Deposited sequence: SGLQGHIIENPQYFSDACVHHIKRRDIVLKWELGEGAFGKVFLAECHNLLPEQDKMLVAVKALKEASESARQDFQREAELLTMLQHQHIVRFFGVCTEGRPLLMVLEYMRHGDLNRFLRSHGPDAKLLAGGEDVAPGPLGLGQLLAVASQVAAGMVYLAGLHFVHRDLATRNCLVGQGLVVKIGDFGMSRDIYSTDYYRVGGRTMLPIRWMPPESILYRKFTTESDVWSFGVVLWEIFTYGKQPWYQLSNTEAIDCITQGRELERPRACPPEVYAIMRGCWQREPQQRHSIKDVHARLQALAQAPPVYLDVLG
């Protein structure tokens, strides 16, 4: 949720889009892999991800998000190419990221050869790689915070990984469907990612950019646990109890004390006492680009 405060959006002819197969499904839409012709000059035919809108008040929500996604274009935000309102169904065309969402990617390269591939070394992701993934997400949040936007659902399941392990921020979408365990259903139709939410959000229903750095601290934890659910040993209410009462997540086995200090800095009780996202990224990128000699002794 980017809230977070015709045709500014670009438009793609329906004939230029050729659906290949389904990549996944949500309650509000399906995502397809597709060929998109004449989209980029250098590539005569390129693969894209196409989200098809399920159904009457969604057109308004559709137009909103498209306008948002077109404005929010940065190196670590998922690339948005445009929409196809040329008849129905309404389509949204996005960059395809072959490794899927970051959470799934983390689990498939967690401990535990066979896992290694074109983009990834075998076995568990190295320290340098985990920092590289974390640094990229932070950069994305630095951009969002710079435009004074707020991401109300920052989690690895809402990040995407592409070729060369390029990591970009999105916001599913599908996350409420069969990632359901990550959300707590309040009221009739509201779901809250409580395990990622700071005390002021759970208690006071406030969410600011300072809340995002708390949420990022949790993302940083997800990364170094290779995509483990935060407070996985706790029920939703028990998680609410622990968060509002000041209890913090344990240091992940793969997480160095140097990096765990960055998490704690993101997890200060008082919002104004947390570090800025610009500074968290700064510290992470320094480690990401740090020579092996430096990182080995971490």
query	finding
Deposited positions without coordinates, collected into consecutive stretches in sequence order	1, 7-15, 66-67, 125-126, 313
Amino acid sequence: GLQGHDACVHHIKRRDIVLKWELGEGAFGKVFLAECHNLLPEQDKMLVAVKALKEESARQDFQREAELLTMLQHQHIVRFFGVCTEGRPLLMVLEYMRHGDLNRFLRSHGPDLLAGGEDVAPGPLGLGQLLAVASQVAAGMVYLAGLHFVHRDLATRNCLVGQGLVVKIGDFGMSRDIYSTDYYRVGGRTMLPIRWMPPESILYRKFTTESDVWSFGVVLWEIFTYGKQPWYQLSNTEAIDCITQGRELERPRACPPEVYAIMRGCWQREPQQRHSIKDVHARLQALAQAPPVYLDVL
From here on, numbers count along this sequence of modelled residues.
{"property": "Mean C-alpha B-factor comparison - 42-50 and 228-236, higher one", "result": "42-50"}
{"property": "Selected stretch [higher average CA B-factor]: 122-130 or 170-178", "result": "170-178"}
{"property": "Largest Cα B-factor, entry values, listed residues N158, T85, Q163, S211", "result": "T85"}
{"property": "Highest-ranked of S215, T190, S108, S135 once sorted by CA temperature factor in the record", "result": "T190"}
{"property": "Entry-reported Cα temperature factor of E25, expressed as the chain third it lands in", "result": "highest"}
{"property": "Chain third (lowest, middle, highest) by recorded CA B-factor, residue given as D241", "result": "lowest"}
{"property": "Where the record places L144 (Cα B-factor, split into thirds across the chain)", "result": "middle"}
{"property": "Entry-reported Cα temperature factor of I12, expressed as the chain third it lands in", "result": "middle"}
{"property": "Assigned third (lowest, middle, highest) for the C-alpha B factor of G100", "result": "lowest"}
